[PDB]
Amino acid sequence: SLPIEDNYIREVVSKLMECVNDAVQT
Amino acid sequence: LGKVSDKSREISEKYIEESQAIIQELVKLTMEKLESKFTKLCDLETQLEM
């Protein structure tokens with residue numbers, strides 16, 4: 001139950017192919 | 001780019017077949033209103049002559 005340092009608490013803490021397949025064709 | 005262009009050029013045609021299907025509706029929907037103005041005007045064909 002000893003408090004810890006504050007600077008240690010602050011220390012521990014498929015949509016791609018759907019266009020390519022349509023850009024290769026047209 | 002040509003692979004775009006003709007691919008676009010058919011899509012424009014897809015709206016032309018749209019657009020006349022709107023236009024041939026207005027040529028319908030005007031006429032009844034024009035009919036709704038003949039049936040009033042043939043009233044006056046009597047009344048003025050009265």
# chains A, B, ... in the order shown; residues from 1 in each chain; ligands from 1
call {"tool": "interface_residues", "arguments": {"of": "chain B", "to": "chain A", "cutoff": "8 Å", "atoms": "only C-alpha atoms", "output": "PyMOL selection string"}}
result
chain B and resi 3-4+7
call {"tool": "write_last_selection", "arguments": {"atoms": "N, CA and C atoms", "output": "compact mmCIF listing (two decimals), in the first residue's frame"}}
result
# COMPACT_ATOMS: atom_id res chain seq x y z
N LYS B 3 -10.30 2.89 -73.10
CA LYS B 3 -11.03 1.90 -72.33
C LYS B 3 -11.98 2.54 -71.32
N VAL B 4 -11.75 3.80 -70.96
CA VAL B 4 -12.76 4.55 -70.22
C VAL B 4 -13.84 5.03 -71.18
N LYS B 7 -16.50 2.92 -72.67
CA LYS B 7 -17.19 2.45 -71.48
C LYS B 7 -18.06 3.54 -70.88
call {"tool": "select_by_dssp", "arguments": {"residues": "chain A", "states": "alpha helix (DSSP H)", "output": "number ranges by chain"}}
result
A: 6-12, 17-25
call {"tool": "write_last_selection", "arguments": {"atoms": "C-alpha atoms", "output": "mmCIF file, in the first residue's frame"}}
result
data_model
loop_
_atom_site.group_PDB
_atom_site.id
_atom_site.type_symbol
_atom_site.label_atom_id
_atom_site.label_comp_id
_atom_site.auth_asym_id
_atom_site.auth_seq_id
_atom_site.Cartn_x
_atom_site.Cartn_y
_atom_site.Cartn_z
ATOM 1 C CA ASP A 6 3.102 9.401 -11.344
ATOM 2 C CA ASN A 7 5.760 9.235 -14.090
ATOM 3 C CA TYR A 8 5.638 5.431 -13.816
ATOM 4 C CA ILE A 9 1.848 5.191 -14.025
ATOM 5 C CA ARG A 10 2.244 7.419 -17.114
ATOM 6 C CA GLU A 11 5.026 5.023 -18.241
ATOM 7 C CA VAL A 12 3.472 1.547 -17.951
ATOM 8 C CA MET A 17 -9.511 -6.163 -54.835
ATOM 9 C CA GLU A 18 -13.031 -4.789 -55.445
ATOM 10 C CA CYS A 19 -11.434 -1.791 -57.198
ATOM 11 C CA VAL A 20 -8.364 -3.461 -58.735
ATOM 12 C CA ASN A 21 -10.393 -6.171 -60.494
ATOM 13 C CA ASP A 22 -12.600 -3.438 -61.980
ATOM 14 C CA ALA A 23 -9.637 -1.222 -62.909
ATOM 15 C CA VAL A 24 -7.841 -4.003 -64.795
ATOM 16 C CA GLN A 25 -10.912 -4.708 -66.960
#
call {"tool": "atom_distance", "arguments": {"atom1": "atom CA of residue 1 of chain B", "atom2": "atom CA of residue 17 of chain B"}}
result
24.9 Å
call {"tool": "atom_distance", "arguments": {"atom1": "atom CA of residue 20 of chain B", "atom2": "atom CA of residue 6 of chain B"}}
result
21.8 Å
call {"tool": "atom_distance", "arguments": {"atom1": "atom CA of residue 31 of chain B", "atom2": "atom CA of residue 13 of chain B"}}
result
28.2 Å
